[PDB]
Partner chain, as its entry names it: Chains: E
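Presented below, as structure tokens, is a lone chain in the form deposited without the partner chain.
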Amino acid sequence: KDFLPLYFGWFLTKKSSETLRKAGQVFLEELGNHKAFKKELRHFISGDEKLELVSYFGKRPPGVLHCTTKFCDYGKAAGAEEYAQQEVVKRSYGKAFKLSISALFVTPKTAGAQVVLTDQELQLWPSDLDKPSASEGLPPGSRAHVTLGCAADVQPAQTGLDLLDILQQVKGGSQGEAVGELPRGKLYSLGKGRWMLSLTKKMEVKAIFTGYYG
């Protein structure tokens, strides 16, 4: 009788969202104007001057930003029911957390921010079994992220997949030397239109763990 949320996750406060939102926009402009990116557009899009990444990532989160833990679809998603049953979930419901943003990334499909979860937060991370083939050798929670924008033709949960793809390269020493220096950190060109800004100082955001029902 009692149905679950659309998904659980950490929803940022109004200011943490505004700060992170603004930060993401600066990156999409700094990256768009960087000559290292403009000479690589052939790997990003298949058409043609300069591209404005902000407009490119037109499908943005309208309200407050968030970090999804477990997509439930009101209980239809596999493992949704077992996740909500967890004591840590019910105990943590409505409680405040601080999330650490380590990097900002961009791909032909998505623009997001990498979240590094603490051990207590990892307790709220789902350990469902029907895994991806992208999480091999990566620690659980690596997928943790905040979506800042999607291209027009992109599916949801793509931002999470893109991140894992990026981190798989970093693990394989395939990230390469930095191709630039932005005021917030070092810029990286990972090829295939993938980019990463490793923040000098990790950005902390306040958030509330809860459920979205839409």
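Numbering follows the first chain given and starts at 1.
The discussion below concerns the form deposited with the partner chain bound, not included here.
- Among heavy atoms of residue 85, none comes within 4.5 Å of the partner chain in the entry with it bound.
- Proximity of residue 125 to the partner chain in the entry with it bound falls outside the 4.5 Å heavy atom cutoff.
- For the chain shown alone, residue 95 is a contact residue for the partner chain in the entry with it bound, at least one non-hydrogen atom being within 4.5 angstroms.
- Contact annotation for residue 192: none of its heavy atoms lies within 4.5 Å of the partner chain in the entry with it bound.
- For the stretch 1 to 15, the set of residues having any non-hydrogen atom within 4.5 angstroms of the partner chain in the entry with it bound comprises 13, 14, 15, in sequence order.
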